[PDB]
């Protein structure tokens, strides 16, 4: 079984790839840095169980992995975009354009490229990593939030046609996921260190902590494993019970 995990250095990329590997998949990895030969080799050295690819664009990635490992069985579109808190009228229109390109068009493109080989053999697993922000939106994050919602509905809508070919489709929408060295979106600094940040996280989640790469990775492996295909179409909120809702005056923390 061959897996593809994108932007592997960021977001839920590492927890996906490491736990898919441990579960017996062959895991090919995309990342923007893998354009530079040193960074692809530094990573392939540090994680010899992972197979970093240099391919950057969606279609060529699917063919590069289909060529080298025979097929693509599991697609994890781990999508990222660097956003900015802005009031609506401060955005430029191209700001929304890049957001939909990185969080909506990119996963659509990969499914577009991998679908026929999955449909023809009637086997496959597709997982979008989206965002839990559609579920409780902060103000002044209009582009990133609305785009992630288009990705959630894309996964849901795709499950409706892909089920007849036995291809389950999933959307994992995290929030407050510890991203370690990656800045998307909760690096150890400052979310694990700065006490104003650790106290924010204890307030806004139910579990009063960040989620872990292992947790995200366990979910990806479980859905990728074929053990529960009947969840096809599900949007998962991986946000530790976010959002916590502000209660009336006089109520304890």
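Residue numbers count along the first chain shown, from 1.
Relative to one another, 205-213 and 190-198 have unequal mean CA B-factors, and 190-198 is the one with the higher figure. Stretches 86-94 and 171-179 differ in mean C-alpha B factor, with the higher average recorded for 86-94. Comparing the listed residues 27, 220, 42, 228, the entry records the largest Cα B-factor for 42. Ranked within its chain, residue 113 lands in the middle third, by CA B factor from the PDB record. Looking at the C-alpha B-factors along this chain, the one for residue 71 belongs to the highest third. For residue 122, the recorded CA B-factor ranks within the middle third of the chain. Only modelled residues enter the ranking. In this PDB entry, the Cα temperature factor of residue 164 sits in the top third of its chain's modelled residues, the highest group. Split the chain's modelled residues into thirds by C-alpha temperature factor. Residue 14 is in the lowest one.
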